[PDB]
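The next block holds one structure in the form of structure tokens; read it before the comments.
FYI, it's all coordinate maths here, none of it is from the lab. For neighbour counting, all protein chains shown are included, and Cβ atoms are generated from backbone atoms with ideal geometry for every residue, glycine included.
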RNA sequence: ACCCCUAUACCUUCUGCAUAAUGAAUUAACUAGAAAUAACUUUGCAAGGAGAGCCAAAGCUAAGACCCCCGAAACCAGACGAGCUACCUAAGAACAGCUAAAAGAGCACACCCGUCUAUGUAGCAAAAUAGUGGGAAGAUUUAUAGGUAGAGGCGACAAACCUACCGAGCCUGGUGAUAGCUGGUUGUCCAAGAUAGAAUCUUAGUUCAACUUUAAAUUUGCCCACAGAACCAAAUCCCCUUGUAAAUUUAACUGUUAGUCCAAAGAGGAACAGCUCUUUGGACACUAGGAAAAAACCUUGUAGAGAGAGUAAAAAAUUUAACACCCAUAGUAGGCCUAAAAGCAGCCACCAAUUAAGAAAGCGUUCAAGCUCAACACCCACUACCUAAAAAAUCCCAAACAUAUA
RNA sequence: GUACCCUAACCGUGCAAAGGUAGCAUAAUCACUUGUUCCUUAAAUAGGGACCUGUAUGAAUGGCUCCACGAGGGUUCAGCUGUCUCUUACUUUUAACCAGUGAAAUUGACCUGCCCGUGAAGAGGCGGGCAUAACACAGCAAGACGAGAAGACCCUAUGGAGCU
RNA sequence: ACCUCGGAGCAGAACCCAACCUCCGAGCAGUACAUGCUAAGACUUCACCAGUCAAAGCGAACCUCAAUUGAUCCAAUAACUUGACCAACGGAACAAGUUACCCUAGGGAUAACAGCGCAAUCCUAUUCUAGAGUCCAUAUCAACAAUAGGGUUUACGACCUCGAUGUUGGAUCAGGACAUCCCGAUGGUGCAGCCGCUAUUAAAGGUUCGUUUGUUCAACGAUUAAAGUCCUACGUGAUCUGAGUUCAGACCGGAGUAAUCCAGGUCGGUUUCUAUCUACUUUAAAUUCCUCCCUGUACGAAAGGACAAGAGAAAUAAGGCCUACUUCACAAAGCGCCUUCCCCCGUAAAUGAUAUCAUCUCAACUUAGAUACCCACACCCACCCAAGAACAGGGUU
Ligand SMILES: C[NH+](C)c1cc(NC(=O)CNC(C)(C)C)c(O)c2c1C[C@H]1C[C@H]3[C@H]([NH+](C)C)C(O)=C(C(N)=O)C(=O)[C@@]3(O)C(O)=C1C2=O
Ligand SMILES: [Mg+2]
Ligand SMILES: [Mg+2]
Ligand SMILES: [Mg+2]
Ligand SMILES: [Mg+2]
Ligand SMILES: [Mg+2]
Ligand SMILES: [Mg+2]
Ligand SMILES: [Mg+2]
Ligand SMILES: [Mg+2]
Ligand SMILES: [Mg+2]
Ligand SMILES: [Mg+2]
Ligand SMILES: [Mg+2]
Ligand SMILES: [Mg+2]
Ligand SMILES: [Mg+2]
Ligand SMILES: [Mg+2]
Ligand SMILES: [Mg+2]
Ligand SMILES: [Mg+2]
Ligand SMILES: [Mg+2]
Ligand SMILES: [Mg+2]
Ligand SMILES: [Mg+2]
Ligand SMILES: [Mg+2]
Ligand SMILES: [Mg+2]
Ligand SMILES: [Mg+2]
Ligand SMILES: [Mg+2]
Ligand SMILES: [Mg+2]
Ligand SMILES: [Mg+2]
Ligand SMILES: [Mg+2]
Ligand SMILES: [Mg+2]
Ligand SMILES: [Mg+2]
Ligand SMILES: [Mg+2]
Ligand SMILES: [Mg+2]
Ligand SMILES: [Mg+2]
Ligand SMILES: [Mg+2]
Ligand SMILES: [Mg+2]
Ligand SMILES: [Mg+2]
Ligand SMILES: [Mg+2]
Ligand SMILES: [Mg+2]
Ligand SMILES: [Mg+2]
Ligand SMILES: [Mg+2]
Ligand SMILES: [Mg+2]
Ligand SMILES: [Mg+2]
Ligand SMILES: [Mg+2]
Ligand SMILES: [Mg+2]
Ligand SMILES: [Mg+2]
Ligand SMILES: [Mg+2]
Ligand SMILES: [Mg+2]
Ligand SMILES: [Mg+2]
């Protein structure tokens, strides 16, 4: 018998690739996720498979922030306008605190 | 359940006693395979409820 | 010398063998690791080296050092075989006696065969002997020559027979066929060394990874502080100190990739299995002591000698059931229902006299009648431990012991 | 669907090339099966006779009888007997002893016991107990998972071969 | 039945994680036509292959979805590009059955027999007191359910054995357990007696012959005191048989194009072994039935009808001997004859404390409650024997 078929797919190896305080470079993937568990914050970009990568080079920090969706996101705006008064939604966000300056001014000529 | 129900209903006084269950009805399904069947070949069909 | 104490042959195979798994009577002799690509080490010379060819952004040249043995059923080519046997050809031979005289007739010798039983089973015999049988003038038996041969012959088809193992003869050659399979693999000593997985006509194998080994180069490697890891339990990840000394990379490869128990979280099954499947962690496949013998439980690991010493784990405890005495009239056969249901079939109520008795708690009566309890008195006083089995097959299984100071 | 059960002479419907005919029939016959009835026996899963969509019989895949015949398979009357109740006695061979000659399979080494337990799960060899001077000869077959034949059944092999 | 891909649980919190485990899906669709080019840094289904995200830059503008898929070679094409339910989905360019006529290399890494583990199934005992039993749970039976035990069935596992652990029934010889079929003892009864039912104790002794069937079983005939349940490698094939079952021949029915097959029937079909080692090869107390009398007694309305005590007669078993009979004949045998002896424990009572009654007492206490055989021992060269395989033994006056 055993009419149950399929379900032989392997693990996706998803999750956090860069924890708190880890030095990160530009383009390094911070987290891979099937659903929006961790949200993009400052200097963290999102790729179309909801992946999180570092837009700048620095230190990864995980914070907890209020959640204000885009007024075009219909499902989110419906949830917000169906949320009772006095309640603010919270999500977990990932930031990269940039370590270096953008550049330096230095002497090149004595004209 | 039938043993308890019959014994308590027979032995009680229906004018001065009252009895209630604190245990729900049989809900967990217990499955049994066919007799003489070797090991494997899927999970057996549901036999009763506990 | 034995008697005392200790001691479960070896190899192979396996998760694990004293195993009643394999091999071995014993001795002597014989009998099994062949080599490249690269690397590493040591020389020579050196932007070149080599006795042409070739390689060269330190290389080139030379040397060293690394890759087993036996075994199928098979396939093909060319020979040799019909003195056995299958069938045929040529020319021969044999068949007493009796019935009836005709017969693929009957009884029955010789002769051919082989039904059944017994013996025999390395035998007298690689198919026999004794008895019992079928046929025995025919499609019979038999001597002599000859013929048909293997991708075939021959066959009253049993896939029978073709020189004592014919589903396709035998010999030689290809051939040292091949074997993911079994068996074997020969001096001494030391050291490191235990199993995530993925593919595969693949799960008896192999390749990559993983683990392991060696040689180099370098700097961090394990244990981890706080803070950090999501909405719909034990823990882990990350991680500075700190304690320690390993780790990563480069070069070269083999081998392991057929796994068992225990504790824990689960799944399947019977909340069966010395069952099957994952995960975490031990141990075993390595030593020693203990639990009786003992894989997996406990104690303990780094190696020698000692006729020294302190310790580790380490020896099962339990033995059960006494419960009172004395007393009892009566408003009433309370009412209803019923034939009666009277304290006691079923209903409503549950008052009330004696000092003190339920409009009755069990029995018991068709119903009655009866006898116990609760009640007076009585009196030492309710005395009140609140607990519970047994079986199987050779023969019970150490001997025993309650009392001399941890 | 139709004549109280069974069963349809009968009616309706669909498909096919034709829809199993005569005969036999519980079979040398799938399950039911030891089918039902009679004979045979004291007693019958045997044998013979009968019934029977045989729900898988059946006509040169030859069907059904019949005369002879058969080391074919089954049943049986009577007789016969050690076949047995129930075994005994004797002779020969074998045997045992003496003399001569003189093999083979087998064999890790053995100084080769019993009970219970244990253990790769069935111990002569381990644990606990018991037993125990040494050594031939005859006999037995419970054990040495006894000897023989690298299981004749099962599975595996990217191993074969024969046949269709 | 499944073979590839994805989601959820197992796998609760970084990752990973199996089962012929539990569920749900996928082999597309829709939009766009910059779905253009290029390029830091990363992730990665535990390898590789494959797959995934992406800053900046050039050029423009001002993709949704979960899986939704297929390598190399080769083929088509001028080119860009495009080709498999290669779904056994890391894919061999293209190949089915059958073998009982079979063969080889192995495997107890893997089935059949046996053992072992387990007890679902099977069996037993107890607890509880519904119910049945005129009444009455407990003379007897017994629902729902609970507790414990056994290892006889059918299974399940695959732990020893495939460089062989031979098999079903039957013969022969039996060893053992008691959960007792009979014989012994006792308690209860819905036990008047005879018969019964139920329970305790008892394994010394016994437990038949036939027809059919290969049967174990089962049915039937006739008995008996009874015709027990099991274990022993479903005891026992180096003791036997080979009827059955699973080699090669053949037939019937069916399946298949056929070879051939059927967990269907039928006829036939080789059962080797010289014993090396262990073990063993003479251990005297017997049971049961029937007959008579007791006795037509006890008992009982009658019909029916004992138990003890005692006497006799048998049968079997064990041991032995030939007087006769019989096979036979200096003798061995049975079909003949002779002999055969102790108890057995469940319970029922008396006295009497704990508890000044009572109480059979895990209170002290009282009652029911073996002999036999053998036994000395350098006469031995030799002969004989009722003694014996050899040896040994007895006799030789
Ligand atoms: C013993 N017999 C009944 C027999 C049985 C089987 N099958 C079994 O193993 C069955 N046993 C079970 C019941 C499964 C336990 C058997 O498998 C065999 C045989 C017989 C042999 C005979 C062989 C014979 N040789 C070796 C003595 C012989 O020469 C021939 C011949 N005609 O030439 C054979 O046929 C023979 O080799 C053979 O085939 C036999 C068996 O296969
Ligand atoms: Mg999954
Ligand atoms: Mg997986
Ligand atoms: Mg093994
Ligand atoms: Mg063996
Ligand atoms: Mg051995
Ligand atoms: Mg082997
Ligand atoms: Mg000739
Ligand atoms: Mg003639
Ligand atoms: Mg004749
Ligand atoms: Mg011929
Ligand atoms: Mg033929
Ligand atoms: Mg044939
Ligand atoms: Mg070879
Ligand atoms: Mg070492
Ligand atoms: Mg494969
Ligand atoms: Mg292989
Ligand atoms: Mg296991
Ligand atoms: Mg003839
Ligand atoms: Mg001699
Ligand atoms: Mg051992
Ligand atoms: Mg033993
Ligand atoms: Mg031995
Ligand atoms: Mg002897
Ligand atoms: Mg053997
Ligand atoms: Mg073999
Ligand atoms: Mg293979
Ligand atoms: Mg092949
Ligand atoms: Mg080949
Ligand atoms: Mg990867
Ligand atoms: Mg950009
Ligand atoms: Mg495949
Ligand atoms: Mg594949
Ligand atoms: Mg045949
Ligand atoms: Mg073989
Ligand atoms: Mg078995
Ligand atoms: Mg009643
Ligand atoms: Mg296993
Ligand atoms: Mg075997
Ligand atoms: Mg052997
Ligand atoms: Mg008893
Ligand atoms: Mg047997
Ligand atoms: Mg035997
Ligand atoms: Mg054969
Ligand atoms: Mg014959
Ligand atoms: Mg024999
Ligand atoms: Mg021995």
Partner chain coverage, peptide B:25-38 - average Cβ within 10 angstrom: 0
Whole-Å distance, taken between Cα centres, linking region A:1-50 and region B:18-48: 41
Cα-based helix-to-principal-axis angle, B:2-11 vs chain B, degrees rounded to 10: 10
Within 10 Å of each Cβ in A:9-19, the average number of Cβ atoms from other chains: 0
Computed [θ] at 222 nm, deg cm²/dmol, chain A (DSSP H ≥ 4; -39,500 (n - 2.57); rounded to nearest 500): -2000 deg cm²/dmol
